[PDB]
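Student:
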Amino acid sequence: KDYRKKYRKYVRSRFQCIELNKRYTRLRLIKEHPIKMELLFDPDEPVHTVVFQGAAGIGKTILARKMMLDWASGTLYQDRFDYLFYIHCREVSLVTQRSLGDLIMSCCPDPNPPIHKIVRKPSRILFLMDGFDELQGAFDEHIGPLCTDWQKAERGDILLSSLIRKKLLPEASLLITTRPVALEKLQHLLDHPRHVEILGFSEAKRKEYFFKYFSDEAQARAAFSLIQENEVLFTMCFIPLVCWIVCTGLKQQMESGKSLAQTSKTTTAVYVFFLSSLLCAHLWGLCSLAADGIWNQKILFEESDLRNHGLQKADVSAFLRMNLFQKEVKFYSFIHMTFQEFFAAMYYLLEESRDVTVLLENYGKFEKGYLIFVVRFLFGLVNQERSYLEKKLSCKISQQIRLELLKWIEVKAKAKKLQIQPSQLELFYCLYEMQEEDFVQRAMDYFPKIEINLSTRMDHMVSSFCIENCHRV
Ligand SMILES: CC(C)(O)c1csc(S(=O)(=O)NC(=O)Nc2c(-c3cccc(Cl)c3Cl)ccc3c2CCC3)c1
Ligand SMILES: Nc1ncnc2c1ncn2[C@@H]1O[C@H](COP(=O)(O)OP(=O)(O)O)[C@@H](O)[C@H]1O
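For the sequence shown, the residue numbers in the entry's author numbering are 134 to 152, 164 to 177, 202 to 212, 217 to 451, 463 to 512, 516 to 538, 555 to 588, 590 to 676.
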């Protein structure tokens, strides 16, 4: 345990704040579809593979980092593990060749760590695979041949396919967080996995977060009230990212005299609500970036990367960094993947914006990025009656794109469901964004018979909005 102490200290160092350790709200977990974190690995004969289905922005990354902090502070798995390695998939190549040791040695504080004494005992090692989806580039069952040597340098996709199929440190423990969609690629790999669902806050712990954001007990009460009276923002705030998006927007209108109000009905109109809360001159550049980034599988941007797309004289430094960027290690990423997809979407709808027919030929593909929010938003945006920023929008070029989205929904509504995505519900979400009734009802035609997969009460809404638009008398 000479080095174990040094390693644990380093882990407390990196994982002590989300991006201190204070505003964390207990997210809801459900096994076999309420599990204590410690009890996860315990047998039903022990477990070597856990997977957290997590919706984007539900705090899967935070919940991970917390497990790291708690263990790194002796709170949980003191007895079960000697080492927890946090792998941020976002960062790791899938083409680069590397060894399990090379990948491991990066997790460590010092430069030449005792790697051979770490692997000594793998039954005491847990890898935290954070955002299996955030992996950039293709991934397919086809990949081979599978590796069996930790010291051997395969290219990332092989190496991980080998680690996940438990061929590399078989009796390692492994905890993968992932988006629901990316479960299709990953389901086959898993060695007898234990599935867990991150659900986000409850109604209670929805309250809890507001009074953890709002320093003043009154400013907190007045700004949770909005969200009971509003229906969308209540349903919509079981999700933590929204909660933040919402309360960072209730805080400069907490600055101004504007008696608090957000009458937002759609996800797009909440992003755009918050997007405006932080307000132009370099607007074109951001959207330029995100849409090369999504297309070219880059979630992390270097300074150099930035100077090309725009900010030729220190725009990012002041204008954007405040709330729309995060700096990692010298490299920069958007405060969330979604906001990237947004500007990537929003990039196709502006004053002189590329070809849209391209995007749709490959919707729901892993390697080009799922493009869930790429699509989903630019229905809620292209919407004619849906602002101020509405200006930067090209009024004329909008119903260029609006007229093909309907061609593509039509295709997808009544096929043999060749592709998995879009599952009907996603099209409903596309449709609840594109709030224009006439467009919705017309699309509703194309569905012969509908099919519901309702988990949460947000699902219930988006669905039950579209249902009545269906009727053809
Ligand atoms: C059905 C299918 C396949 O479209 C789907 C299922 S979850 C995903 S996702 O991985 O894209 N995650 C999200 O969309 N998360 C969401 C959802 C949401 C939508 C639908 C289901 C659920 Cl549970 C949630 Cl939280 C609603 C609002 C916001 C976010 C993040 C930004 C604000 C897609
Ligand atoms: N348990 C939590 N307590 C407080 N805020 C949270 C929590 N979970 C998520 N958040 C908020 O959501 C944001 C994004 O969460 P993150 O885990 O990065 O999402 P994902 O991993 O699904 O992309 C965080 O920056 C934080 O503001």
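No residue lacks a Cβ here, since even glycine has one placed at the ideal position from N, Cα and C.
Looking at the secondary structure, which residues open and close the beta strand (DSSP E) in which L371 lies?
Tutor: Its beta strand (DSSP E) spans residues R366 to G372.
Student: In whole angstroms, give me the CA-to-CA distance for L307 and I330.
Tutor: Cα to Cα, the separation comes out at about 13 Å.
Student: Inspect the beta-carbon positions of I574 and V353 and report whether they are closer than 8 Å.
Tutor: For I574 and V353, yes; Cβs fall inside 8 Å.
Student: Tell me which residues share the same chain as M505 and place their Cβ nearer than 8 Å to its Cβ, disregarding the 5 neighbours each side in the sequence.
Tutor: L450.
Student: I'd like the list of long-range same chain contacts for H367, defined as Cβ closer than 7 Å, with 5 residues on each side in sequence excluded.
Tutor: Answer for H367: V223 and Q225, listed in chain order.
Student: Can you round the beta-carbon distance between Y632 and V665 to whole angstroms, since I take them to be within the 8 Å contact cut?
Tutor: Indeed they touch by this definition, with Cβ atoms about 5 Å apart.
Student: Spatial neighbours of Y534 within its chain, please: CB distance less than 7 Å, with the 5 preceding and 5 following residues excluded, ordered by chain position.
Tutor: Excluding positions up to five away in sequence, the list reads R556, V558, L580 and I604.
Student: Given 7 Å as the limit, tell me if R351 has its C-beta closer than that to any heavy atom belonging to ligand 1.
Tutor: Yes, the Cβ of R351 comes within 7 Å of a heavy atom of ligand 1.
Student: Return the Cβ separation of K139 and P281 in integer angstroms, given the expectation that the two are a contact with Cβ distance under 8 Å.
Tutor: Going by Cβ atoms, the distance from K139 to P281 rounds to 7 Å, so yes, they are a contact pair.
Student: Is it a yes or a no for the segment 591-607 touching the segment 652-666, going by three-plus beta-carbon pairs under 8 Å?
Tutor: No: fewer than three Cβ pairs fall under 8 Å.
Student: If we count the other Cβ atoms within 10 Å of its Cβ and call it buried at 16 or more, is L164 buried or exposed?
Tutor: Classification for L164: exposed.
Student: Residues in its own chain within less than 8 Å of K437 by CB, not counting five upstream and five downstream?
Tutor: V404 and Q638.
Student: Measuring straight from C-alpha to C-alpha, what distance separates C470 and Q495?
Tutor: Between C470 and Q495, the C-alpha separation is close to 15 Å.
Student: Looking only at C-alpha atoms, which of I399, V499 and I477 sits nearest to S487?
Tutor: The residue with the shortest Cα to Cα distance from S487 is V499.
Student: Within the same chain, show all residues whose beta-carbon is closer than 8 Å to that of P286, passing over the 5 residues directly before and after it, in chain order.
Tutor: These residues qualify, in order along the chain: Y136.
Student: Whole-angstrom Cβ separation of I417 and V444, contact assumed at under 8 Å?
Tutor: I417 to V444, Cβ: 11 Å. No contact.
Student: Just tell me which of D321, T407, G229 and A433 has its CA closest to the CA of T350.
Tutor: Closest by alpha carbon: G229.
Student: For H260, does the three-state DSSP call read helix, strand or coil?
Tutor: Three-state DSSP puts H260 in a strand.
Student: One question on the structure: do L341 and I290 come within less than 8 Å of each other, judged by their Cβ atoms?
Tutor: No.
Student: Along the chain, where does the alpha helix (DSSP H) containing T559 start, and where does it finish?
Tutor: Taken as a continuous stretch (DSSP letters only), the alpha helix (DSSP H) holding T559 covers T559 to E563.
Student: Within 8 Å, do at least three Cβ pairs link the segment 468-482 to the segment 619-627?
Tutor: In short, these stretches do not touch, since the Cβ pair count stays below three.
Student: With respect to the beta strand (DSSP E) encompassing residue 216, which residues constitute its N-terminal and C-terminal limits?
Tutor: The model contains no atoms for residue 216, which sits in the stretch where the chain goes from 212 to 217 directly.
Student: Excluding sequence positions up to five away, which residues of its chain have a Cβ less than 6 Å from the Cβ of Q624?
Tutor: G566, listed in sequence order.
Student: Could you have a look at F224 and say whether DSSP puts it in helix, strand or coil?
Tutor: Strand.
Student: In the DSSP output, what is residue 123 paired with across the bridge?
Tutor: Because the chain here runs from 134 to 676, residue 123 falls outside it and cannot be looked at.
Student: What are the partner residues of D302, as DSSP defines its beta bridges?
Tutor: Looking at the DSSP assignment, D302 forms a beta bridge with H260.
Student: Nearest-angstrom Cα distance between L561 and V577?
Tutor: Going from the Cα of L561 to the Cα of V577 covers about 8 Å.
Student: Do you know offhand how far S387's Cα is from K379's?
Tutor: Going by the C-alpha atoms only, they are around 14 Å apart.
Student: Based on DSSP bridge pairs, tell me the residues matched to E485.
Tutor: Paired residue(s): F517.
Student: Relative to the alpha-carbon of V614, which residue among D641, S597 and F650 has its alpha-carbon at the smallest distance?
Tutor: The shortest C-alpha separation from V614 is found at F650.
Student: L628 and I370: beta carbons closer than 8 Å?
Tutor: Against a cut-off of 8 Å, the Cβ pair of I370 and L628 comes out as no contact.
Student: On the criterion of 16 or more Cβ atoms from any shown chain inside 10 Å, does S590 qualify as buried, or is it exposed?
Tutor: When all chains shown are included, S590 counts as exposed.
Student: Would DSSP call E343 helix, strand or coil?
Tutor: It is coil, neither helix nor strand.
Student: Quick check: the Cα distance between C261 and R675, rounded to an integer number of angstroms?
Tutor: Whole-angstrom Cα-Cα distance: 47 Å.
Student: Since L413 is in the alpha helix (DSSP H), which residue starts that stretch and which ends it?
Tutor: From DSSP, the alpha helix (DSSP H) with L413 extends over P412 to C419.
Student: Among the residues of its own chain, which have a CB less than 7 Å from the CB of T268, if the five just before and after it don't count?
Tutor: The residues are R327 and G328.
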